[PDB]
Ligand SMILES: CC(=O)Nc1ccc2c(c1)CCCC2=O
Ligand SMILES: CC(=O)Nc1ccc2c(c1)CCCC2=O
């Protein structure tokens, strides 16, 4: 039942390793999931809906892990706290690079994909701003830029910079260096005067 | 002669204000430039080649202005020097938002567009790294991250953050706030310990 649906999802993520979504057919997903093309359409209206589902699970996985961190503050310094949070996105999306890559491409053509990314980026930025505000209230960070504007730029930096690393774009920061790179920029811009 | 070519270019940039490149036809460019469809093909092989030319001029305009700044150091403080340089990209691309928007979309489908962006981003990052290195040599900046890796992340931040502002994406930094936002993050991460 839902086992056929997981098969479609797994086939799509596996196939997106080798070719873009345009080079994947609904017949390709059916064959890989051991079903017919009509049966596929019972589970998903299109191949784009398959990718939307895959991206939704990856994004919610990252959101939920961030939630877990929030409820369980790690006993460590401020730089490592920021590192642990940025690392949620590094590990979650870096463990699903094919879905991440195809998800960013689909933003240009899928209203749902664009709304999904926008909704969660708005959420993660608001949470970033609230932490920055808490730190300022504590006297731990100076009151420089508006916290929400600072948080917006730092989150967009991570989105673009992580994506470039995962895809091996030129230019990009090497994937083994990108976490330390982003943490440095977050910590200096949040706490610096 | 070249006056027909400028007409095609102007028509394309004007039309890209209202619709994506997919909704612009070669007939649309011909009509707007006062020529026939066969005559258009004498000047450009495709509508994508028209956008490539438009993006090439905008990118070279920004590159040349940055060159001008380099040769003519502004007598001012370090923060304003960085501001003046980031402002090249703010003003150049912000004065050609339609071409900027369509140019970023075409990266996903045009090898030439992708190579063009990559070549100039590599150039601007190397120049950023060389300035960071000079400042460290002078004792004006601490030796924290590898300069080229830091420069890579800060340039990708500006690319993504400026684009989001120009397009009015949600989320984005308001366009009237984005210059101060990026300068703060550049200056704190370059000079901060
Ligand atoms: C895209 C991205 O990396 N976002 C991000 C990273 C880290 C953190 C937050 C958001 C919320 C505040 C706490 C935190 O550590
Ligand atoms: C995308 C972008 O904003 N790049 C950028 C901005 C500013 C500067 C440089 C590159 C080169 C070093 C000098 C400088 O001021």
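Each value in this text was obtained by applying a stated rule to the coordinates, not by laboratory testing. Using ideal geometry, Cβ is built from the backbone for each residue, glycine included, and neighbour counts are taken over all protein chains shown.
Mind listing whichever residues of region A:120-146 are out of contact with any helix residue (DSSP H, G or I) (no Cβ under 9 Å at 6 or more places or on another chain) and either within 11 Å of ligand 1 (Cβ to nearest atom) or assigned to a helix (DSSP H, G or I) (or both)?
A:122, A:134, A:137
Test of understanding: among B:151, B:140, which residue is more than 7 Å from every other protein chain (Cβ to nearest Cβ), buried (at least 16 other Cβ atoms within 10 Å of the Cβ) and within 21 Å of residue B:78 (Cβ to Cβ)?
B:151
Could you tell me which of the residues A:100, A:92 is within 11 Å of ligand 1 (Cβ to nearest atom), away from chain B (no Cβ under 14 Å) and buried (at least 19 other Cβ atoms within 10 Å of the Cβ)?
Selected residue: A:92, the only one of A:100, A:92 that is within 11 Å of ligand 1 (Cβ to nearest atom), away from chain B (no Cβ under 14 Å) and buried (at least 19 other Cβ atoms within 10 Å of the Cβ).
Determine which single condition residue A:169 fails, assuming it passes every other condition in (1) surrounded by fewer than 19 Cβ atoms within 10 Å (Cβ to Cβ); (2) away from ligand 2 (no atom under 16 Å from the Cβ); (3) within 14 Å of residue B:152 (Cα to Cα).
Of (1) surrounded by fewer than 19 Cβ atoms within 10 Å (Cβ to Cβ); (2) away from ligand 2 (no atom under 16 Å from the Cβ); (3) within 14 Å of residue B:152 (Cα to Cα), only one is false for residue A:169: (2).
Could we say that residue A:108 is assigned to a loop (DSSP other than H, G, I, E, B) and within 21 Å of residue B:165 (Cβ to Cβ) here?
Considered against the rule, which asks whether it is assigned to a loop (DSSP other than H, G, I, E, B) and within 21 Å of residue B:165 (Cβ to Cβ), residue A:108 comes out as yes.
Across region A:118-131, which residue is nearest to ligand 2 (Cβ to nearest atom) among those that are buried (at least 19 other Cβ atoms within 10 Å of the Cβ) and under 12 Å from the mean Cα position of the chain (by Cα)?
A:121
Take the residues in region A:154-175 that are within 13 Å of ligand 1 (Cβ to nearest atom) and at the interface with chain B (Cβ under 8 Å from one of its Cβ atoms); name whichever of them is farthest from the chain's Cα centre (by Cα).
For region A:154-175, the residue satisfying everything is A:154.
Of all residues in region A:108-117, which are within 15 Å of the chain's Cα centre (by Cα) and buried (at least 17 other Cβ atoms within 10 Å of the Cβ)? I'd like the intermediate steps shown before the answer.
Step one: of region A:108-117, the residues within 15 Å of the chain's Cα centre (by Cα) are A:113-117.
If the condition is that a residue be within 15 Å of the chain's Cα centre (by Cα) and buried (at least 17 other Cβ atoms within 10 Å of the Cβ), then A:113, A:116, A:117 are the ones that fit.
Output the qualifying pairs, or none if there are none: Cβ atoms under 8 angstrom, residues six or more apart or on different chains, first residue in region B:62-74 and farther than 22 Å from residue B:97 by Cα, second residue away from ligand 1 (no atom under 16 Å from the Cβ) and part of a helix (DSSP H, G or I).
B:69/B:84; B:69/B:85; B:69/B:88; B:70/B:127; B:73/B:81; B:74/B:80; B:74/B:81; B:74/B:84
Looking only at region B:176-192, which residues are away from ligand 2 (no atom under 14 Å from the Cβ) and at the interface with chain A (Cβ under 8 Å from one of its Cβ atoms)?
Those that are away from ligand 2 (no atom under 14 Å from the Cβ) and at the interface with chain A (Cβ under 8 Å from one of its Cβ atoms): B:177, B:188, B:192.
Any chance region B:124-146 includes a residue that's under 30 Å from residue A:114 (Cβ atoms) and touching a residue at least 12 places away in the same chain (Cβ under 8 Å)?
yes
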